[PDB]
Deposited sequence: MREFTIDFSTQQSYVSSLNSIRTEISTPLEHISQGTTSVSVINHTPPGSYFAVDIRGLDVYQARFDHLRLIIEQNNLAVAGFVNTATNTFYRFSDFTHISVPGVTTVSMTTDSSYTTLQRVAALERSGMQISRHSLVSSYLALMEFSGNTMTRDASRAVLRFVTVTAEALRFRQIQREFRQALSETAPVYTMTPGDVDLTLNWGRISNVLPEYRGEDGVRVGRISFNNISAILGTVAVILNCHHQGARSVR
């Protein structure tokens, strides 16, 4: 199994964490590249493949027991591991993710945003994420037990999926969120445009391998005027 750390200590450690993951699980597209920046395609792995992400650096000046299990082919969060209790809490739509050496709790709750936002009573559009709320999300997940997601657990998942898996996919989200890691701890507010990106990752993944030369591409309401717009927005796409 692959294992990565996402270190939230500083803006620098967070960005370099995301770039190391991208380099290991994906390959740059030839035609969407500028300097060392590219759109990359996830490398093919056998179905059911997953890797672990260890969360660190939530407190710059501890909190080191949270691990996320990520299905590799679609960068989906299949669940979270409490490493203190060695327990894997797995969403109901990921029963094909088999992790040896952990106690697996199959949950009644699925991973969709519709479900998570209902239980959390929280809309992603306008959702705030700060350093203190990631520490708070960590503690909710370490406190969690049983097989049914709670409000606090679902808020925590919404926040961690945004700054890990969705930031991995979308350079736009990485760039907008990393400010929250600085020494004054400003707040990242997710925008309607951020949410629209996450809802269109599949379609974006389908069109970019056909992009040639320069100039624009449109996927529904998503419009990229040039390759810089693409690179500023998208980092990693599905392999279809």
Ranges of the deposited sequence (numbered from 1) for which no C-alpha atom is modelled: 62-63, 243-251
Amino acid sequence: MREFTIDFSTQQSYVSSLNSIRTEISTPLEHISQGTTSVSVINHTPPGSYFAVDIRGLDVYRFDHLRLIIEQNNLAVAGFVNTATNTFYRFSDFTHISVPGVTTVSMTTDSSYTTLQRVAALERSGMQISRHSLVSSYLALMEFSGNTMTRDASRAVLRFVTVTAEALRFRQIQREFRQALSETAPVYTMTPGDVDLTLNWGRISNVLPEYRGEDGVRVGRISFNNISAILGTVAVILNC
From here on, numbers count along this sequence of modelled residues.
Stretch exceeding the other in mean C-alpha B-factor - 33-41, 50-58: 33-41
Selected stretch [higher average CA B-factor]: 86-94 or 157-165: 86-94
Third of the chain's Cα B-factor distribution that residue 99 belongs to, per the entry: highest
Assigned third (lowest, middle, highest) for the C-alpha B factor of residue 26: lowest
Third of chain Cα B-factors occupied by residue 63: lowest
Assigned third (lowest, middle, highest) for the C-alpha B factor of residue 181: lowest
Within-chain third of residue 174 by Cα B-factor, per the entry: lowest
